[PDB]
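Structure, as structure tokens:
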């Protein structure tokens, strides 16, 4: 029934979704500001359309995005994440104009977006919530959830996002190295409950804090896809984006819980164009050379490519690098590797910083909470290997002084 | 014990092994002819060294490669595949000069390289071999094997290579869609037997023909890694190259058979720079634009990169694209996608051809033998979409005529 | 001809292509191909309230006169594009200040077709 989709987003997730549609034999439609004229999603998509000279406004504009969706022949629309994904108005509009929004209904989006109105729904369904004196130095655990229209709800497992910086997530791992199978079963079921409570549909994530006692407290419920779904796709084998589309085309979930299983660990790094040495200041500019990582255990979800010029109006994320191995020790090794394996000239990246994390024993030991970054400033004081772009100059000067 | 390796190979597999070494914290050493001066393995490796002005001879020169290995400080040496990998002399030399050859001992290489001396070892160990009137239109099934020094021998499962052209393998799948769990168990054990017979060590592959009457018949025993190991690495989780090194460093196999497990299907496409329309003529030249495939189920092992100029002295393989999904139907879909997902300007590729195969029902239906390509010439008569590099010219001529 | 360009960069569908022209002969990224041609014989939006199409086409109907009070989501225009007619609706609520379009006109997405004051 769905033959054409409007990817209402940019950057890396637009590319993901272009990939999802292609997989399903569905036409994709990109949208770009002028800045994003050269973006990878635009090249990759079946169709594209300008949405303003402004970098931002056209992307946050519910009404003409839908005008374009309608004008375009789009049966449905995907909001990725950020931007309009958590804005109920877009769903309402879509519904009104005959466009299947790939997400929950606006009622839930709205409900669960209101902190107080959300805390109520959860407390009602019998689910421990935070205190006003909140949780001290917690592990941030969260559970992927898939619901269909027909009342089926399910979880792929948790993921650990305890590695984070000033409330910005850096490294995400699934499942948690820090939890028993028991905890995994409990937290997953508890997530399926909550979801059911609020009559959810499509993909969502239920976030929890986990204290030093091993109590779980609900915190948010993200009513959309998330950056870090890759990591859960990895360990389970389930294409989440594909399911989102199926749910929205009114299909039943493809898998009952008993059929969902995981293997291994998956870790995913946010390869931002920033310079950690300089208080993570953005490092926008041109990427002169790029060689993509490869071979076993390696998945890349890139915004960037060879020559790409990173616009300064948006976020710093050039790619998500997602590594997988049969176990904790192996993963970390493969992490370290893949980070080096990712070769990027022209712009300062967080790779070097990540290698410091993976080196550090508390991390390898697999016991850590949200304070880990804060509690270890040393991680930015690292050996900055001298650029091959400078060595070439030093040599060329030796040839200049030798020839005349 | 092993801290430095001499990758005695070029192209794509050199890159694989660079990746393997980096993972294990081991220094890598590349070797390039003059033609391969810019090759991706050279850029990627810890160290590199010229092996002659001739494209080929330096790669097939056992003695000076080992001079370099010894001069370099290499503890061990990897021959990848093709070239010197199946040449006993190199092992003998390595052994002599105190260099651990990442392979079997030269005796077994030599034995199993001789068709008639091999056929004897197999017939002796009670293993059905081919007739002089050989097998008609067989399925080509083959079993990965891992042996250590200490007499442990195991198999990761089979791979189906029945999709091939004039005795050149095109598409490899693991496990076979065409085999029962029973067949899988039998052929795997039978392979472990043969390997044991010949006192094998390290990674090898035992190939069989499968007669339409269910008879498995031995054919070759490749005493090395193989192009298509990726596909088996995918379904099992096991890094084979990493094991090869561990075996050669005298370690015991990391896994008993009972611990060897697969999920899903994996398919691997050989992305050769040839033009199938022109009887698969090579299509050497420069790759002007390249965007690597991505997101779930996707692994790339590339020779090529953005701007790379394919030398004409060697094979046509710019990359191996390896796709994975939880099942047959899903895989094929993901195949189709990833092929489109792989974007390559400047040179004619086999992608379009592969899409024809994946389209064709006999293939989707998962019943096919070595004759499939021959038996279906139509596969090369496909719609060649008009190049976006030509459309841009046609438009730019409309702008020129519209202004002066 | 002294205005007309010999070489230039054409950005078509995310890609850019380096072109140098000289039937023309034409160099696309240093690859020269003979071409043959046969000839056949408004303010940009300052405001977020400035109504635009995101895709060029021809106006079928203006559903509004100057000075109207309009709420977000009201059918303000109709356009023909892609073998169909479809109604553009108001981004913002408030007053219709100008109208820079009439029935019959051909539009492009950088053009501002009406204005509306929030």
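Chains as they are written, first to last, in PDB author numbering: chain B, 1 to 132, 200 to 471; chain A, 1 to 132, 200 to 471; chain D, 464 to 485, 496 to 514, 540 to 616. Every residue, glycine too, gets a C-beta built ideally from N, C-alpha and C.
**Prompt:** Is residue 463(B) helix, strand or coil when you go by DSSP?
**Reply:** helix
**Short CB-CB distance (under 8 angstroms) between residue 413(B) and chain A** = Not an interface residue.
**Request:** Evaluate the contact criterion for the segment 82–92 of chain B versus the segment 249–267 of chain B: three or more CB pairs, one atom per stretch, below 8 angstroms.
**Result:** The segment 82–92 of chain B vs the segment 249–267 of chain B: no contact.
**Asked** By the 10 Å Cβ neighbour count, where 16 or more other Cβ atoms means buried, how is residue 285(A) classified, buried or exposed?
**Response** buried
**Asked** Of the choices 12(A), 2(A), 414(A) and 439(A), whose alpha-carbon is the least far from that of residue 349(A)?
**Response** 414(A)
**Prompt:** What are the residues of the segment 25–38 of chain B that lie near chain D, defined by any Cβ-Cβ distance shorter than 7 angstroms?
**Reply:** 37 and 38
**Request:** Verify whether the separation of the beta carbon atoms of residue 360(B) and residue 320(B) is less than 8 angstroms.
**Result:** no
**Prompt:** Who are the near neighbours of residue 118(B) in its chain, counting only those whose CB is closer than 7 angstroms to its CB and skipping five residues on each side?
**Reply:** Beyond the five residues adjoining it in sequence on each side, residue 118(B) comes within less than 7 angstroms, by CB distance, of 111, 112 and 288 in the same chain, given in chain order.
**Prompt:** Do three or more CB pairs link the segment 233–251 of chain B to the segment 305–324 of chain B at distances below 8 angstroms?
**Reply:** no
**Asked** Just the Cα atoms here: how many angstroms apart are residue 11(B) and residue 222(B)?
**Response** Near 27 angstroms, if we compare the C-alpha coordinates of residue 222(B) and residue 11(B).
**Message:** Distance check for residue 355(A) and residue 385(A), CA to CA, integer angstroms please.
**Reply:** 13 angstroms
**chain D within 8 angstroms of residue 463(A), Cβ atoms only** = Judged by the 8 angstroms Cβ criterion, residue 463(A) is in contact with chain D.
**Positions along the segment 397–410 of chain A whose CB lies within less than 7 angstroms of some CB in chain B** = 400, 401, 404, 407 and 408
**Message:** Measuring only the C-alpha atoms, how far is residue 467(A) from residue 51(B)?
**Reply:** 28 angstroms
**Message:** Would residue 498(B) and residue 86(B) qualify as a contact pair, given that the criterion is a beta-carbon distance under 8 angstroms?
**Reply:** Outside the shown range of chain B (1 to 471) lies residue 498(B), about which nothing can therefore be said.
**Request:** Could you please give me the residues that DSSP links to residue 556(D) through a beta bridge?
**Result:** 578(D) and 604(D)
**Asked** Should the segment 291–311 of chain A be called in touch with the segment 331–345 of chain A, which here means at least 3 C-beta pairs below 8 angstroms?
**Response** yes
**Item:** Of the residues 13(A), 24(A) and 15(A), the one placed nearest residue 4(A), counting alpha carbons only
**Value:** 24(A)
**Prompt:** Closer than 8 angstroms, CB to CB, is residue 225(A) near chain D or not?
**Reply:** no
**Item:** Residues that residue 484(D) contacts on chain A, provided the C-beta gap is smaller than 8 angstroms
**Value:** 463, 464 and 467
**Request:** Find out if the Cβ-Cβ distance for the pair residue 290(B), residue 210(B) is shorter than 8 angstroms.
**Result:** no
**Request:** Could you confirm whether any beta carbon from chain A is found closer than 8 angstroms to the beta carbon of residue 464(D)?
**Result:** yes
**Asked** So with Cβ pairs under 8 angstroms, would you call residue 363(A) a contact of chain B?
**Response** yes
**Message:** Is there a Cβ of chain B sitting closer than 8 angstroms to that of residue 477(D), yes or no?
**Reply:** yes
**Asked** Does the beta carbon of residue 616(D) come closer than 8 angstroms to any beta carbon on chain B?
**Response** no
**Prompt:** Between the C-alpha atoms of residue 29(A) and residue 79(A), what's the straight-line distance to the nearest angstrom?
**Reply:** 12 angstroms
**Request:** Give the straight-line distance between the Cα atoms of residue 306(B) and residue 437(A), rounded to the nearest whole angstrom.
**Result:** Taking the straight line joining both Cα atoms gives about 33 angstroms.
**Message:** Please report whether the beta-carbon of residue 63(B) lies at a distance below 8 angstroms from any beta-carbon of chain D.
**Reply:** yes
**Message:** Would residue 62(B) and residue 40(B) be called neighbours here (beta carbons separated by less than 8 angstroms)?
**Reply:** Contact check for residue 62(B) against residue 40(B) fails: the beta carbons are separated by 8 angstroms or more.
**Request:** Within 10 angstroms of the Cβ of residue 1(A), are there 16 or more other Cβ atoms? Answer buried if so, exposed if not.
**Result:** exposed
**Request:** Within the same chain, show all residues whose beta-carbon is closer than 8 angstroms to that of residue 101(A), passing over the 5 residues directly before and after it, in chain order.
**Result:** 76, 77, 79, 90, 91, 94, 95 and 315
**Message:** I'd like to know whether the C-beta atoms of residue 364(B) and residue 390(B) end up nearer to each other than 8 angstroms.
**Reply:** yes
**Request:** Mind listing the chain A neighbours of residue 502(D)? Cutoff is C-beta to C-beta under 8 angstroms, in chain order.
**Result:** 355 and 456
**Message:** I want to see whether chain D comes within less than 8 angstroms of residue 470(A), judged by CB atoms only; does it?
**Reply:** yes
**Asked** Along the chain, where does the beta strand (DSSP E) that runs through residue 111(A) open and close?
**Response** Unbroken run through residue 111(A) is the alpha helix (DSSP H), 106–113; no beta strand (DSSP E).
**Request:** Let me know the secondary structure DSSP gives residue 1(A) once reduced to three states.
**Result:** coil
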